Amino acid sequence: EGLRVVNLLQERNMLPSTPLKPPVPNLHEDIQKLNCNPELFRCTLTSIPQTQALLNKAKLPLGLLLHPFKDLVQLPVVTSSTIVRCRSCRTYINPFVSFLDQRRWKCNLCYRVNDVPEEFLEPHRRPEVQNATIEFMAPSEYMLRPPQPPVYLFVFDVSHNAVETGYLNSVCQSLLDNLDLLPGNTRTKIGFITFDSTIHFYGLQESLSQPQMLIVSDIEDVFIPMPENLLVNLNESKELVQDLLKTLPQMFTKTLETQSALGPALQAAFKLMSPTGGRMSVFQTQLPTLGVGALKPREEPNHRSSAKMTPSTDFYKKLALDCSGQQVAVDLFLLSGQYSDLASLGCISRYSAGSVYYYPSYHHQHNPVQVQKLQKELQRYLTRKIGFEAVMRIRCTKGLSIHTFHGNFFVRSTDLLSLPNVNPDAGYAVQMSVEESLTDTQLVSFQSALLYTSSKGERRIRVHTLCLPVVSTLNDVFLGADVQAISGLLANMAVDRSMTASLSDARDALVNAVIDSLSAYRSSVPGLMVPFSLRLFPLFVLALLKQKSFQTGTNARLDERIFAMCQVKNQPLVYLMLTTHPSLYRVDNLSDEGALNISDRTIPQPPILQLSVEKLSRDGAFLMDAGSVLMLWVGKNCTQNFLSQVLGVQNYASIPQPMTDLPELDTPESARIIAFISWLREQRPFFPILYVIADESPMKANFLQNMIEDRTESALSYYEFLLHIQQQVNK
């Protein structure tokens, strides 16, 4: 429904009311129906340029975004006694091969003909060829050692500042609540370390009256104090670890330890886990200042400082590489109230296939939002599935070459990705180029394959295969453009540009990506003319430039920006888009146009509004879905039926200041809004907390920081942006 040209200056309402859907590659009906799910695997250009010259002319980035370990509704599991792989490039037999003789099949990635084994027998009816997504049982040769058990090591900061935050109490409560839900079988092991100026191990034996806290004080020469009972069998010693999790928050109440030796503690935790590998959960609340890996204090910027990022040491990168070589992933939970040099601390999770979680100014009493946020994210972190000791390879048809990888992993050699852990909430991105002109073929394929040890001790391979057509026309490259995927790839490219160059250059290359592509489009066709597929391209790039990752004139602090870049590099495409351009709905007047399909529930389907205060109304209420949170903004002149029947209040003034969630009142207006909210959080596995706190006077209504179309004192509006682009397009 769109081969048209669009004048961005005249529309100014181009964002649709219903959710954006990924493009359908221009493929034959029977080929496209077997194509990979676009949630798991997608491409910036669904029509692959035939030559690098054509790609360069379009001035659009070519690359793939993937979410390979995503939780699936249904997964085919082939237990074949033999894995059919192309004898040349080791590509797994996928739906987009070319069966000819029928005893012979042509590899869709390197064109070599292979012999179908007398095990695969109608060979085209085999499930390996009917499913673009499939999981294989790896044979004995796909593992370097016996499948490793599940090993969970929790490392807690217990300094004076950490004890003041009160985080330890809820984390220990989450572990107690989710002990039986940790993934694993009877082989599961679990350990614990606390640290401040010294490193504290905890032995757990059934022969002793109580756990034993073994303190290594030699910060410059850490070692393991006991050989057996530090990492304990959770099944056998369940009672012993429960007593510890109930006793741990009470041990450091009166602590004067002001310094934190995070470096040596991580070296201690590495040595403890080195023999087996597994998941290291680190909880840090302040700047590391003692021993090796110490980081200096920095003064936070203000709205006035210009664009003048990188780590201050390589200690945590080196330590991550050592963890990677031993199948250890490190997840960093930073609950800091002051600058902590996350630009250096993050290196522990980027290069070890971990993930960083940031809770700014966490406090058990003062910050109820960050309390419930951590509780829900810990619920997901502790119960989601997990794979150990894994590697991933990204293959693409001959002629296409991957040259840059984005995400949390270590790139091992030419193309091999080390994933000490793999988690279902991780996103990856790749940039590619046309190394050899695709004159021969009219389709090209892409295959990702994840070899991993399951929590039950079984080597598995999850394989996704994507197939796309090849075009040789500039207009055909534009007709297949995926605006969101291009936005995702440009965000990852802009993060790398910031580290590498500066935030100015990262911001400029982002603006230039829009100017250059639309300037190229204009030079091959008065106002600002764009193809239909790119009518949201300046909108999403502007949203990128106002996001906390790349914004300039804001009062943003260092660790906030770094954590926003960590989320760019590690989140799937959907949540990058939900964060950058949140979905805004009006919710004080919901009705029946909804999805009332679901048996007994009618779910309202209000239209998506564009991110501008001009769309708000003091007479109503507006819910903003930012992916991780759901901020419900209430107007001052809000109706009375909404206050009493939805909020449970008699007037605007008595709406509680921090409101952690809506009530579930016996009103149909409440039933409607609870139906819409619960439907929103069912669309994701990461439970997003909803705080209606955003109010006129909450002073937490950064809700407005997401109105990316309005001008601020230090950024352009959306219309100002279109005006600047057009001036540059036809300069």
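Take the two forms, superpose them, and find the largest set of C-alpha atoms that agree within 1.5 Å; that set is the rigid core. When you see a residue number, it is the position in the sequence shown, counting from 1.
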Between 700-708 and 27-35, greater root mean square CA displacement in 4 other deposited structures of this protein relative to the shown form, after rigid core superposition, belongs to 700-708
Between stretches 408-416 and 152-160, more displaced by Cα RMS in 4 other deposited structures of this protein (rigid core superposition): 408-416
Note whether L121 lacks coordinates in a third or more of the other compared entries that model its flanking residues. yes
Counting residues of the deposited sequence that sit between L121 and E122 but have no coordinates, the total is 4 to 9
With respect to the deposited sequence, how many residues separating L416 from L417 are not represented by coordinates: none, 1 to 3, 4 to 9, or 10 or more? none
If you average the CA temperature factors over each stretch, which comes out higher, 259-267 or 110-118? 110-118
Out of 535-543 and 220-228, which one has CA B-factors that are higher on average in the deposited record? 220-228
Considering only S349, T188, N555, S197, which residue's Cα atom bears the greatest B-factor as recorded? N555
Among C467, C638, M493, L345 - the residue whose C-alpha B-factor is largest in the record: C638
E39 CA temperature factor, ranked by third within the chain: middle
Using only modelled residues of the chain, where does the Cα B factor of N589 rank: lowest third, middle third or highest third? middle
C-alpha B factor of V613, ranked within the chain: lowest, middle or highest third? highest
Based on the deposited C-alpha B factors for this chain, I'd like to know if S487 is in the lowest, middle or highest third. lowest
Would you mind checking where the Cα B-factor of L75 ranks among the modelled residues of its chain, as the lowest, middle or highest third? highest
